[PDB]
Amino acid sequence: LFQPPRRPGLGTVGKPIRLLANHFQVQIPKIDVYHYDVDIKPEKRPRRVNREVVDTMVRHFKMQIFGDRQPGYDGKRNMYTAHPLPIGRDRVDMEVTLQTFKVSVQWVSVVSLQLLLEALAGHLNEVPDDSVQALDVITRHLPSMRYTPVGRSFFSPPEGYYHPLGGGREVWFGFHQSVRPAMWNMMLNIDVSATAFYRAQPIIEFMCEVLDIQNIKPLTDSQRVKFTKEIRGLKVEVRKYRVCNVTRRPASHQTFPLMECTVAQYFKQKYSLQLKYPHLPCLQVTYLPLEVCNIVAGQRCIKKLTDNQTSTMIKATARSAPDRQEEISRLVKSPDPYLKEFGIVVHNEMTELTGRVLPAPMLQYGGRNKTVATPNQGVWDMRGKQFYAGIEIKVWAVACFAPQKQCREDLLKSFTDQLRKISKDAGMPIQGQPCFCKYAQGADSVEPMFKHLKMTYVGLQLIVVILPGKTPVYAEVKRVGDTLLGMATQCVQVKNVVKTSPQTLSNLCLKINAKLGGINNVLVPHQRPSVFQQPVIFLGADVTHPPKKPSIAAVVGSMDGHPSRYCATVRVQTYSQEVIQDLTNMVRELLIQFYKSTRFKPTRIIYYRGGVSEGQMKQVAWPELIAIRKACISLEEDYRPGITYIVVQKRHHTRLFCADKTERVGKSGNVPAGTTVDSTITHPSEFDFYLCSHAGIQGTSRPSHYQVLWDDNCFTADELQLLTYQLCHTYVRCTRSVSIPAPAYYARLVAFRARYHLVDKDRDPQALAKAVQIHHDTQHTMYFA
RNA sequence: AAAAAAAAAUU
């Protein structure tokens, strides 16, 4: 365990901007809360059941134990009261019926809310976790009884609204709620929310949606296989059951040992029911005919959404910032005996605060002249500018996997002609026509074609691949190119070939130049923070998880002092589940490539860590710090550069709004790029800040939250905020400030790519590891661009 | 995959 650094001070750089945040002040008195352990048997019942078990225990045992107490309870083992229960330190056993439960209640501790207030007043080092937890349980007791909790959110069925997603799924709306420490006062973070549920409906209706069926003959081959995969694991009601599988033969014929009896007869002997769909199968739970079953209401959709379900939901849930602002405000302003029990009061107005809009860097371009760009509202363009270091492309090939019918030769020639012209304008001149331009079909053609190209065209620098929409070909192109043969590839969808655009072509060149080792632009050097006065390396790290399938760890590192070029490392691995297991070897590799490229080891390591929750970040940071130092020692004994460890988070629900309407930007009306907050809603003592580095395009922007868990380098607040913002302008794929620093974003791209490498075109842990190994001809290139 | 942003316990 360790102490993260204190906030070194408040930032003062940038234009002041009046803001509102969806943090609502919580008034807490200087009182105890009394904490009791709750032991319910039978053991693991669903959390919602424990809540009603305890809720009914409280009411039935009123005169004997609870009296006028309104206890907070988390649905697990934690109960909180404003005054001690009449039971001393003794474990008291009770019994309650709904099934009969046995519940034990026992004093475990006094929790001090005054101690929490002392920490918020700066009088204390650490914010006490027991107090924050008590407050969370108390303030979320009522909505937990009234709504359907999902994580820290609460949802309600779509009463009187029709919001379909397809595949038997629907949108439920609700809100996120969390308690957060701030200076002086606790805050309640409230944000509107929405998520996907299975609609409560007849199984037969569900079956028709999933299985392509317009209207009402037994099922078929691959109908039933997909109908299963969508219904397996769901609760149905007729009492409730769980679906193991569906049956292969119809209810008319599906037997079970009773005699030997089949399903249809069984339900007219008892239920006196003539099946209207005896030709339909049964759900295995063990057999229930479809027409007797309904999906049970309130089941979260856990499976991944299709791409269009995802779209539908965003369009149903993405509102402009001022619209989101008004919805939050109205939600909060629209009785709570658990709050009253502890004299807790929640203010119904958003917190007002002042942030700063940081100045954006200037970017240096090159080629024909030392041209420059600086963003306006988070965006700039490459018009009339050439790359700082542009690659000359002399040998390149085109492979079109779209049908010639769909992408005629004159369409293809026009595409390559235009791409040549744009590339020359950008200072990455594609010299002459492709050495190879052919049509092909199917992923199976990729490997022999690329082998042939590598064999035949010495100096081949690039293969441009035209794809026919979503296809297995993409994953195979990257497998062969990145891992098998080490050949740079740039894919492009046929729709962007047959219907071209200069912006699209220009953006392609951004990626191609980076892939081939060019430098698109650099931060203007003398305007970087002072950290660049000595060799410094920037690392970005992330871990992606599957929804069996492996987790993937990615760490990227700058390879020059600009910083523009980055090298990647990636691993397959199986709170300690979040730690990057091979971090020492990965960081070692990146340090060595930096050393090789610049001829210096860095005196400082700046490490941006994505993919970790607030609750686990300290537990993750400590072993990762040890691992980074071990990597340093492996390059040279006693080599101890200063490390700054910064967690980047954007899955939180803090939202910032312009207090002054005239300062809203664009149709979405968001805060401007550069908007930074390091007071009022941030941590009372630790070193954290919000920075909305990007321009909001649609809906409400999510400002990234940065938490400094370690800092040998003693950054000032301004230096680190400015550094972080400038790194958001070095991302090669667009001339825009992006929402997280380039190295953190690359780490995600590297992890996503590894997923494609793991696809099996039609496994052992060492096999998984070799699958994501990049070929050496590309291992130190920006293949992930 | 031009790109960013944007939603998440009888049969």
Side-chain angles (χ1 to χ4, degrees), chain A residues 42-50 98-99 101 150-151 153 155 165 171-174 176 192-197 235 238-242 247 254-258 261-263 266-267 270 282-289 300-302 304-305 309-321 324 378-379 401 419 422 465-471 473-475 477-478 489-497 500-512 650-651 653 666 668 670 673 694-702 731-739 745 756 785:
Chain A
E43 294 180 300
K44 178 169 117 27
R45 296 296 185 192
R47 199 161 170 179
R48 26 165 166 86
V49 170
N50 292 343
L98 295 176
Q99 159 78 255
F101 292 87
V150 176
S153 296
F155 298 96
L165 292 175
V171 184
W172 289 27
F173 293 88
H176 162 97
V192 282
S193 194
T195 196
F197 276 74
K235 316 259 204 184
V238 282
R239 141 160 170 78
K240 300 162 174 42
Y241 301 87
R242 182 160 253 106
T247 56
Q254 181 57 75
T255 65
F256 66 97
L258 172 143
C261 194
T262 78
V263 166
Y266 184 64
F267 294 96
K270 312 178 163 183
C282 303
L283 298 183
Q284 189 184 0
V285 297
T286 34
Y287 304 121
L288 302 176
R300 204 197 339 181
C301 187
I302 293 184
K304 202 228 186 40
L305 300 194
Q309 289 175 327
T310 310
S311 300
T312 305
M313 190 151 80
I314 294 179
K315 293 163 337 214
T317 60
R319 332 259 183 103
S320 69
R324 175 178 296 262
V379 178
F401 278 87
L419 181 63
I422 299 303
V465 187
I466 302 158
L467 303 177
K470 171 178 248 192
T471 167
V473 173
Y474 176 81
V477 158
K478 295 306 177 175
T489 59
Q490 181 57 61
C491 301
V492 54
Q493 285 203 2
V494 60
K495 69 181 181 181
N496 298 315
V497 167
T500 69
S501 145
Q503 177 78 284
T504 291
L505 299 181
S506 177
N507 279 345
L508 277 161
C509 290
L510 301 185
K511 290 152 61 71
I512 293 164
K650 61 177 288 165
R651 299 203 60 134
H653 280 273
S668 63
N670 281 288
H694 62 286
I697 288 164
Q698 63 177 244
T700 305
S701 299
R702 308 178 91 104
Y731 182 75
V732 294
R733 278 152 59 114
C734 55
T735 57
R736 311 173 63 86
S737 185
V738 294
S739 58
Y745 211 135
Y756 285 111

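Lettering of chains follows the sequences in order, A, B, ..., and the numbering in each one begins at 1.
- Using a 4.0 Å cut-off, no side-chain N or O of A:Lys470 falls inside it from OP1 or OP2 of B:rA1.
- Base engagement by A:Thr504 is indicated by at least one non-hydrogen atom pair under 4.0 Å involving a base atom.
- Of the candidates B:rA4, B:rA2, B:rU11, the closest approach to any side-chain atom of A:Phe256 belongs to B:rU11.
- Between B:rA5 and A:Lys650, no contact under 4.0 Å exists linking OP1 or OP2 to a side-chain N or O.
- Going from atom CD of A:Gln493 over to atom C1' of B:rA1 covers 5 Å, rounded to whole Å.
- Each of A:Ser153 and A:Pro257 lies near RNA chain B, and the nucleotide nearest A:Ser153 is the one positioned closer to the 5' end.
- Atom CH2 in A:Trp172 sits about 17 Å away from atom P in B:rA8, given to the nearest Å.
- For B:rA2, the base has a donor-acceptor partner in the side chain of A:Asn507 [N/O atoms by modelled type, under 3.5 angstrom].
- As judged by a 4.0 angstrom heavy-atom cut-off over every strand, A:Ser737 is placed among residues making no nucleic acid contact.
- Checking the phosphate oxygens (OP1, OP2) of B:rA1, a side-chain nitrogen or oxygen of A:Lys478 falls inside 4.0 Å.
- Taking 4.0 angstrom as the limit, A:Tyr745 places a side-chain polar atom (N or O) nearer than this to OP1 or OP2 of B:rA5.
- Rounded to an integer number of Å, the gap from A:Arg239 CZ to B:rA9 P is 12 Å.
- Counting any heavy atom pair closer than 4.0 Å across all strands shown, A:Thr471 reaches a base atom.
- Here the shortest heavy-atom pairing between A:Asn507 and A:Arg733 reads OD1-O, 4.4 Å.
- Ring-centre distance between A:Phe256 and A:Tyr266: below the 6.0 Å cut-off.
- Here the closest non-hydrogen pair linking A:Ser739 and A:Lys650 is OG-NZ, 3.2 Å.
- Atom CZ in A:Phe155 sits roughly 7 Å away from atom P in B:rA8 (whole-Å rounding).
- The neighbouring residues B:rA6 and B:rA7 do not form a stacked base step, as their six-membered rings are not both less than 5.5 angstrom apart at the centres and less than 30 degrees apart in plane orientation.
- Annotation for A:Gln309 and A:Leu165: closest pair CG-O, 3.3 Å, computed over non-hydrogen atoms.
- For A:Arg702 and B:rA8, the shortest distance from a side-chain N or O to OP1 or OP2 is below 4.0 Å.
- Residue A:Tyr266 is in base contact, counting any heavy-atom pair closer than 4.0 Å across all strands shown.
- Annotation: A:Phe173 is not in aromatic contact with A:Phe155 [ring centroid separation under 6.0 Å not met].
- Using a 4.0 Å heavy-atom distance criterion, A:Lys240 is classed as making no nucleic acid contact.
- Whole-Å rounding puts the A:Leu305 CG to B:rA6 P distance at 18 Å.
- For A:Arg324 and A:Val263, each mapped to the nucleotide of RNA chain B holding its nearest heavy atom, the one lying further toward the 5' end belongs to A:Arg324.
- A close approach under 4.0 Å does occur between a side-chain nitrogen or oxygen of A:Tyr474 and OP1 or OP2 of B:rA1.
- Contact between the side-chain N/O atoms of A:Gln490 and the OP1/OP2 oxygens of B:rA2 is not found at any separation under 4.0 Å.
- At the heavy-atom level, A:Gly469 lies under 4.0 Å from base atoms of the strands shown.
- For A:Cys734, the side-chain atoms get nearest to B:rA4 when compared with the rest of B:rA9, B:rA2, B:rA4.
- In this structure, A:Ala194 reaches the sugar-phosphate backbone alone: every heavy-atom distance under 4.0 Å involves primed, P, OP1 or OP2 atoms, never a base.
- Here A:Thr286 does not reach the OP1 or OP2 of B:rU10: none of its side-chain N or O atoms lies under 4.0 Å away.
- At B:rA7, none of the side-chain N or O atoms of A:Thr310 fall inside 4.0 Å of OP1 or OP2 (strictly under the cut-off).
- Counting non-hydrogen atoms under 4.0 angstrom, A:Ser501 reaches nothing in the nucleic acid.
- Taking 4.5 Å as the limit, every side-chain heavy atom of A:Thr262 sits out of range of all side-chain heavy atoms of A:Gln254.
- When heavy atoms are screened at a 4.0 angstrom cut-off, A:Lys304 is found touching no nucleic acid atom at all.
- Close to B:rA9, at under 4.0 Å from its OP1 or OP2, lies no side-chain N or O of A:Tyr241.
- The aromatic rings of A:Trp172 and A:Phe197 lie parallel to each other, their planes meeting at an angle below 30°, with 60° marking the opposite boundary.
- Rounded to a whole Å, the CZ atom of A:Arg242 is 6 Å from the P atom of B:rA9.
- Phosphate contact (OP1/OP2 of B:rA8, side-chain N/O of A:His176, threshold under 4.0 Å): absent.
- A:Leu467 comes within 4.0 angstrom of a nucleotide base, judged by non-hydrogen atoms across all strands.
- Side-chain proximity of A:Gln698 to the nucleotides B:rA1, B:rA5, B:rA3 is greatest for B:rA5.
- The shortest non-hydrogen separation linking A:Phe267 to A:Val263 is CD1-O, 2.9 Å.
- Counting any heavy atom pair closer than 4.0 Å across all strands shown, A:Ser193 reaches sugar-phosphate atoms only and no base atom.
- Listed nucleotides: B:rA6, B:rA1, B:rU11. Nearest to the side chain of A:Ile314: B:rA6.
- Ranking B:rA4, B:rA1, B:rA6 by closeness to the A:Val738 side chain, first place goes to B:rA4.
- For A:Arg733, a side-chain nitrogen or oxygen approaches OP1 or OP2 of B:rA4 to under 4.0 Å.
- Contact record, A:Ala695 with A:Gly378: CB-CA, 4.5 Å, taken as the closest heavy-atom pair.
- Straight-line distance from the NZ atom of A:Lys495 to the P atom of B:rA2: 7 Å, rounded to whole Å.
- Candidate nucleotides B:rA8, B:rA4, B:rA6 were compared by shortest atom distance to the side chain of A:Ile697, and B:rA4 ranks first.
- Regarding A:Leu98, its CG atom lies at a distance of 12 Å from the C1' atom of B:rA9, rounded to whole Å.
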